[PDB]
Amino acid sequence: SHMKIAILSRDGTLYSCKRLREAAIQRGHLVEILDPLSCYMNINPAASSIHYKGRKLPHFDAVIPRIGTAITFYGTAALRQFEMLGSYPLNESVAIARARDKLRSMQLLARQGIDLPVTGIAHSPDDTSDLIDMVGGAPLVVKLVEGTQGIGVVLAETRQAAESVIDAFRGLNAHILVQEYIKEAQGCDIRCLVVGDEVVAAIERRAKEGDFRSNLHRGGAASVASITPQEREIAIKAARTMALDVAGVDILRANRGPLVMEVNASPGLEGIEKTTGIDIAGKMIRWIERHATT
């Protein structure tokens, strides 16, 4: 087999290490870890070599992009050139790009029939009351975003809280913002990791006592999870819908049923690997092996 695999990321942390690791072990591939910001290239004379620290990169059979949530325009541009050069990517540029846009993504999932929590979109709404009644929620979650980031979620328990929050962010200096209703659940969401056509690993993220969130560490506490065949199907469908080869789908257990809340094109590996003991980084190299062409 023996591939030259590149890993597009900004440094050596567990996930990037765990595949330098699993690609050198598994069918003895060669691996170079490249900062996308240090690539530079002629986007003109179509294709052309990619340059890195004064030398020309040597042609990778595959590229594993792991692009930051703040470097996504240049990151995917570099990714694109590798694709143009022949490298197989897990998660392709177009799909990664789209994925960062939570709005376009939520829309896409919704159109494709995937059960989400009822969700409003807004920026400078002009009539907060009408916005709150739309969506329905007497208590709901407001999620600030700003461009393509996320900079806060907050629970609004009463009508007035939801009003004061929206009116606050309305001062466009916060820009785009999302409304969806809160849950039964209990600060607990299931995170599935999809690689290709299967859910490779899954954990429960539980919130702390003080309010909810649940986030990785906003007071988070991980534990191994018991996914229903229904939840497994959905998390795969979300990834398929998104055109992601590797993805983190987050699911909320509502009375009505499982609801997708978020999809990630660069899920972290540490918490989910350490929690379950599963070789995820290996299932990704294995996926590359089944699809890249040497």
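In case it trips you up, residue 1 is the first one in the sequence shown, and so on.
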Residue range whose averaged C-alpha B-factor is higher in the record, 176-184 or 205-213: 205-213
Stretch with the greater mean C-alpha B-factor as recorded in the entry, comparing 73-81 against 127-135: 127-135
Which of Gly248, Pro65, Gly54, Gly68 ranks first by CA B-factor in the deposited coordinates: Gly68
Residue selected from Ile151, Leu155, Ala97, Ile121 by maximal Cα B factor: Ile151
Entry-reported Cα temperature factor of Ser48, expressed as the chain third it lands in: highest
Chain third (lowest, middle, highest) by recorded CA B-factor, residue given as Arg104: middle
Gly271 by Cα B-factor - lowest, middle or highest third of the modelled chain: middle
For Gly196, the third of its chain into which the C-alpha B factor falls: lowest
Ranked C-alpha temperature factor of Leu116 among modelled chain residues, by third: lowest
